[PDB]
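Undergrad: Just dropping in an experimental structure and the matching sequence.
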Amino acid sequence: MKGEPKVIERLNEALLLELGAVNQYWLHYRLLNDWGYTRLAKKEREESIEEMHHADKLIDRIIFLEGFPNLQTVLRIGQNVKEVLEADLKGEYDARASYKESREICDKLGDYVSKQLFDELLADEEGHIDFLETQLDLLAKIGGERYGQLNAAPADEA
Amino acid sequence: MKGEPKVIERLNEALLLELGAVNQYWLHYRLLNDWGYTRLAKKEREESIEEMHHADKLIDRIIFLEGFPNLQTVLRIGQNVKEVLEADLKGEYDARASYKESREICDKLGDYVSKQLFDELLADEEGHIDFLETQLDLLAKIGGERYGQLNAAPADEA
Amino acid sequence: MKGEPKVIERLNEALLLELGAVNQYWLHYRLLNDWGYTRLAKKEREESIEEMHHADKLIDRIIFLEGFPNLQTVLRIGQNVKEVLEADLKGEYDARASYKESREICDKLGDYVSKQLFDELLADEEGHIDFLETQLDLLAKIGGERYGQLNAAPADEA
Amino acid sequence: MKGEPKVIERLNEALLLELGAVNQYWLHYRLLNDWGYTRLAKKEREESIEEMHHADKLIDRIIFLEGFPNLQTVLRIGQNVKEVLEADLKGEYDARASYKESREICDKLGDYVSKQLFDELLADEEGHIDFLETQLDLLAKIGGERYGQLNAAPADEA
Amino acid sequence: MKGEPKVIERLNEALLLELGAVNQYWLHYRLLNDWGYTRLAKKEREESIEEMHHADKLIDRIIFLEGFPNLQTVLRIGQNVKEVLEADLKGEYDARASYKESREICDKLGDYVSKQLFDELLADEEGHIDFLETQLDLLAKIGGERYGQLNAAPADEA
Amino acid sequence: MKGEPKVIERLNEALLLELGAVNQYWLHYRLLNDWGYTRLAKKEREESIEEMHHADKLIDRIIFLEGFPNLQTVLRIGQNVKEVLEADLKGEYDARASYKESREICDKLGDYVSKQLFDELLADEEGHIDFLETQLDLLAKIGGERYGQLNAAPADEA
Amino acid sequence: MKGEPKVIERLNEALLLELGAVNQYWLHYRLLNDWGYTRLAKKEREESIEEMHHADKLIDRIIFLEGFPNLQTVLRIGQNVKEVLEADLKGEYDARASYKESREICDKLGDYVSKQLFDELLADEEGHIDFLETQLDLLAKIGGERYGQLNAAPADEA
Ligand code: HEM
Ligand code: HEM
Ligand code: HEM
Ligand SMILES: [Cl-]
Ligand SMILES: [Cl-]
Ligand SMILES: [Cl-]
Ligand SMILES: [Cl-]
Ligand SMILES: [Cl-]
Ligand SMILES: [Cl-]
Ligand SMILES: [Cl-]
Ligand SMILES: [Cl-]
Ligand SMILES: [Cl-]
Ligand SMILES: [Cl-]
Ligand SMILES: [Cl-]
Ligand SMILES: [Cl-]
Ligand SMILES: [Cl-]
Ligand SMILES: [Cl-]
Ligand SMILES: [Cl-]
Ligand SMILES: [Mg+2]
Ligand SMILES: [Mg+2]
Ligand SMILES: [Mg+2]
Ligand SMILES: [Mg+2]
Ligand SMILES: [Mg+2]
Ligand SMILES: [Mg+2]
Ligand SMILES: [Mg+2]
Ligand SMILES: [Mg+2]
Ligand SMILES: [Mg+2]
């Protein structure tokens, strides 16, 4: 199905955001692991792998529409566990805004199946945002050192 | 262990090559799948996931040496199955050359464990090269259409 | 829920297309089987049975809306395996266009659950189109005789 | 049982042929594998291991007869799959002729158990010849590229 | 294989370091257990047993080279959990430096298998260093009392 | 329980003897293994590990009594299997004498639980002495070469 | 990867040594079995099969480097069990020396993966040497007739 160039453009913008999130979550996984926060690190790895699946779905849709997926292009880091979470959350807010605009563009152009892809991604993103906002609320309430302790394993495990 | 800046630089050059290979193999997986070469597509996916593990090991070593992993940066595509294989092979030859030079640099600077990482990557790469050269030899001998047929599934499978 | 006559009309147009696809895929199953392409034949049977389920869902929705399902009414055939695939693909493009227009009509009339039915059918159809386009691309690349061979079983199986 | 020198000589001629066949089949296994004909390669490996068992039986008989097994001594190669098969077949015809003459010599000298060893080897050899002649007939009938394709695995297997 | 006296000397220096580490880790296990840090204590026991295996491998290599293993000779203690970890880390840095120099000496003298032993020990040591540095980083970030709590069991377990 | 300095001194003398026995038995294990007496070697390894457990119990008791365990300090070797056994036996006789004197000192000072530890060690030691005396008696009766043969494995095992 | 001619030459020298060891160990297996030393015979068979795997790895590397493996070319025998072991040991010392020189040549020419192959073979060889030296030490200590008895089975087994 030869797709609308503007739809392919929006799918490629999403792909760039998702690839950036893959890399950011993976770097956060390895950073948190080195700091000793091995339980939060495992969650960050899982979040990276979820974004990998999103990137795969975007690539598949772009190829179906006979467009060219742009992976050649792809970061917010952080010096403590609060900054890492905040950086992830900023990324998710940015992706959410992109997908909201993209579903509107696909709807107006009549590509309702691409619209549906963006609707699914948007729902996913609000789930991720809910999770991260809750973690940052917990960190605020119990303090960063107890949040870190809660998200670390004893020495005989990891 | 605060690492030599030149060693961290070589690890980051490897990371850029590996991230590029992840993306190239994944794009090839989805492209080959859309063309109907679903068996070769599955191998390309597996090759991408192997390069993901290499990238992970490089990131881990960079962080141990107290360097900054550069993922912000990352392609050869192809219009038929021979060109896809050739593009993968060119990438592997380029990576091999990088790792050979890197093991020599780590050896001269006395970072023998980073040397060992590059030695492992080099052995891996020559394995990958052996595989791809064999596939291209088979394609040469039986022709591209029979090679494609061999690497496609019937309609009731995939 | 007494439905809009225009919505029931669009559901009946979909039912006619789906019943036509059931019959076409089933005839293709038996034709391909007689020609010896028993693996593609099995896929065509499966595609017919998928369209039977779609027809069932349309009938159920029409009856819920207190309309009369029109089954009394229901073809593109083909002389070789490429023509069979092309005929299936033309049918799918026609159905896709019908469902796109139907979801728009249901949306404008405020029957959002019927809209959702058409959205699901539209997504299904684009999946079917993706599959058939890939098979026709493979046939183009490896040639029709190798595509047929790939989709045939040896004599000791079927 | 102190054996006839002429019988020990014939057993040593067989051992030299068998050791040569071990080496030739093993080299063919690795060559075919590198060319991508991994299914025929596996058969060549199995044929090499069968010849290893024959060599073992010859060594055992020579030692029983209080002779000295000569292994210090041991090739036809090939540039394509037809030449490889032809080289194996020429070797088998040569071995068959040796074993026929050897059974006659053992019979005339009254070493009926060594005669029996050569009779078994001769029957084995005619089995091997039957197999190889059939493969070369198939290659002749379907052509070398289809024979190679039939004897190659897709990329996601080997 | 009668070994180079200088190689045997370096193997004996490693053995003395490893035996010292066995004793230090075991004393730390019992000390930490008495203080109530039973989870970190279990890790220290495991680390002692890993060093016992290293000592065994060194003794085996010395005997193969027809040298005399010197076990007759063998400590940093600590008053709190941070000091215990720091003492272990200082020991590991000292061992790493010894093994780096030893691999260079074996390489220059042409004892490449002893070189390989030291290369393995060096890689092990950098793993141990990575672990201990991470534990000390965690302790720094969450504080010593939370690190101790994390590494202690409730009264109904240990 | 703050212990008597004289009791802690006797526990530390026992620890020094036990650590010496660990090292001696382990060296004997590796020596006997290299000579080919692999069955006696396995027993010597087991004896070393038993002495490791004794050392652990001594360290635990010293720490309970708020003393400082001295591991910083720790040999009789042997050129044939009789000398190895004799060296082990001399060590056991020395340890037995130490533990006998130590139980008497603990009894007189009123540390009856430390007395009990030495009583257990003394009973253990007389068991070890019984075993070693029996092995040396067997060696005397059947001769050293048959004793060695009995305590060696064939080449296809170890 | 088109290899250095000097590297291919060293790989072929190793192949000739390994093929010679295969044959020597196999002949020793059958000889020892006929003499009644069936347990040592089984070990010699296992050693032959280990050398077969080494030869296979060498052939694979030569073909990858686009060289020609030379198998056309390939012995120390022995009249008693001590001479058989001594002949095996002389072969291993010769192979070790070859592999040491070969790893140095590959290193200087920059073929680090072939260097690694020779490093692995060298470590293997020193293991084999350790085993054989231990067997010859045992034979020296208990005498040849007891060593033979230890390595023979009773009549109701083999
Ligand atoms: C184009 C970009 C990428 C795509 C499309 C992608 C896709 C995937 C997919 C589909 C999986 C399978 C997950 C599952 O089975 O549930 C996966 C796993 C994984 N990914 Fe990625 N990935 C990408 C980039 C990366 C990067 C940059 C890394 C950095 C290390 C990475 C590391 C991993 C690892 C370690 C696994 C697990 C593999 C295993 O369990 O054996 N990936 N990826
Ligand atoms: C402070 C001195 C030592 C102490 C307290 C100690 C303690 C122990 C203990 C409690 C065990 C566990 C045994 C079991 O699970 O039944 C053990 C095992 C072992 N020990 Fe020691 N040990 C010491 C020194 C040594 C030395 C010098 C060596 C020389 C190699 C050694 C080699 C081993 C080995 C190989 C094991 C077996 C580990 C395994 O099975 O994974 N130990 N030791
Ligand atoms: C005197 C010459 C040789 C003799 C007598 C011999 C004998 C044997 C025998 C009896 C087996 C066991 C097969 C089975 O268990 O069914 C075997 C296996 C094998 N042979 Fe040979 N062989 C010889 C030469 C070679 C050569 C030149 C190669 C080249 C690579 C080779 C490679 C192998 C391999 C890889 C195996 C399989 C071992 C395993 O599965 O672990 N052999 N050989
Ligand atoms: Cl932090
Ligand atoms: Cl606090
Ligand atoms: Cl193609
Ligand atoms: Cl053709
Ligand atoms: Cl047709
Ligand atoms: Cl054709
Ligand atoms: Cl060919
Ligand atoms: Cl053709
Ligand atoms: Cl064909
Ligand atoms: Cl503390
Ligand atoms: Cl606090
Ligand atoms: Cl002895
Ligand atoms: Cl005697
Ligand atoms: Cl003998
Ligand atoms: Cl005697
Ligand atoms: Mg709308
Ligand atoms: Mg998500
Ligand atoms: Mg790889
Ligand atoms: Mg459908
Ligand atoms: Mg045969
Ligand atoms: Mg070097
Ligand atoms: Mg270690
Ligand atoms: Mg004891
Ligand atoms: Mg070996």
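TA: Yep, it's here. Residues are numbered from 1 along each chain as shown, chains lettered A, B, ... in the order given. Ligands and ions are numbered 1, 2, ... in the order given.

Undergrad: Show me where chain A has its helices.
TA: Using DSSP state H, the helices assigned to chain A run over residues A:5-35, A:38-64, A:81-109, A:112-142, A:144-150.

Undergrad: and the first one, what does it pack onto?
TA: Using 3 or more CB pairs under 8 Å, 6 or more residues apart in numbering or on different chains; DSSP states H and E as the contact definition, the elements that helix A:5-35 packs against are helix A:38-64, helix A:81-109, helix A:112-142, helix B:38-64, helix E:112-142. (Each C-beta comes from the backbone N, C-alpha and C, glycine too.)

Undergrad: Would you format the ones you listed as TSV with mean neighbour count included?
TA: Shown next, in TSV, are these (neighbours: other CB atoms under 10 Å in any protein chain shown):
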stretch	mean neighbour count
helix A:38-64	19
helix A:81-109	18
helix A:112-142	17
helix B:38-64	20
helix E:112-142	20
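
Undergrad: Format those as a markdown table; extra columns: distance to residue G:108.
TA: Listed next are the helices and strands packed on helix A:5-35 as a markdown table, based on distance: least, CB to CB, whole Å:
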| stretch | distance to residue G:108 |
| --- | --- |
| helix A:38-64 | 43 |
| helix A:81-109 | 47 |
| helix A:112-142 | 55 |
| helix B:38-64 | 27 |
| helix E:112-142 | 14 |
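
Undergrad: Compare those helices and give me the one nearest residue F:132.
TA: Residue F:132 lies closest to helix E:112-142 among the helices and strands packed on helix A:5-35, at 33.5 Å (CB to CB).

Undergrad: Compute the inter-axis angle for that closest one and helix B:112-142.
TA: If you take axes from the mean of the first three to the mean of the last three CA atoms, to 10 degrees, helix E:112-142 sits at 110 degrees to helix B:112-142.

Undergrad: Would you tell me whether stretch A:110-126 gets close to chain B?
TA: No: using CB under 8 Å from any CB of the partner chain, stretch A:110-126 stays clear of chain B, coming no nearer than 15.0 Å.

Undergrad: Is there contact, residue-wise, from that stretch to chain C?
TA: Yes: for stretch A:110-126 and chain C, the contact criterion (CB under 8 Å from any CB) is met by A:110, A:112-113, A:116.

Undergrad: For residue D:28, which of the helices of chain A is the nearest?
TA: With CB to CB as the criterion, residue D:28 lies closest to helix A:38-64 of the helices of chain A, at 41.7 Å.

Undergrad: The closest one near ligand 20 at all?
TA: Yes: using CB under 5 Å from the ion, helix A:38-64 reaches ligand 20 at residue A:50.

Undergrad: still on that earlier bit, nearest to chain D, of the residues of stretch A:110-126 next to chain C?
TA: Distance to chain D, by CB to the nearest CB, is smallest for residue A:113 among the residues of stretch A:110-126 next to chain C, at 29.6 Å.

Undergrad: That closest one: what's it in contact with?
TA: C:122-123, C:126 (CB atoms under 8 Å, 6 or more residues apart in numbering or on different chains).

Undergrad: Quickly note the distance from the residue most central in space within chain A to residue F:123.
TA: Ranked by distance to the mean C-alpha position of chain A (CA atoms, centre = their mean), the top residue is residue A:21 at 4.6 Å. Note on residue A:21: its distance to residue F:123, by CB to CB, to the nearest Å, is 67 Å.

Undergrad: Enumerate every residue touching the residue nearest to the centre of chain A.
TA: Applying CB under 8 Å, 6+ apart, the residues contacting residue A:21 are A:48, A:51, A:91-92, A:95.

Undergrad: quick one: which of these is nearest residue E:152?
TA: Distances from residue E:152 to the contacts of residue A:21, taken by CB to CB, are shortest for residue A:48, at 32.4 Å.

Undergrad: can you pull the contacts of that closest one?
TA: A:21-22, A:25-26, A:29.

Undergrad: and if we set it to 10 Å?
TA: By CB atoms under 10 Å, 6 or more residues apart in numbering or on different chains, residue A:48 lies in contact with A:21-29.

Undergrad: what do you get for residue A:51?
TA: Under the criterion of CB under 10 Å, 6+ apart, the contact list for residue A:51 reads A:17-26, A:91, A:95, A:124, A:128.

Undergrad: Now tabulate those residues in a markdown table and tack on distance to residue D:1.
TA: A markdown table is the format used below for these (distance: CB to CB, whole Å):
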| residue | distance to residue D:1 |
| --- | --- |
| A:17 | 85 |
| A:18 | 80 |
| A:19 | 78 |
| A:20 | 82 |
| A:21 | 81 |
| A:22 | 75 |
| A:23 | 77 |
| A:24 | 81 |
| A:25 | 77 |
| A:26 | 73 |
| A:91 | 86 |
| A:95 | 86 |
| A:124 | 83 |
| A:128 | 84 |
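
Undergrad: Closest one to ligand 6 out of those residues, please.
TA: residue A:19 (26.7 Å; CB to the ion).

Undergrad: residues near the spatially closest residue to the closest one that is not a sequence neighbour, how many?
TA: Using CB to CB, 6 or more residues apart in numbering or on different chains and skipping the chain neighbours, the partner closest in space to residue A:19 is residue A:74 (4.8 Å). Residue A:74: 20 surrounding residues under other CB atoms under 10 Å in any protein chain shown.
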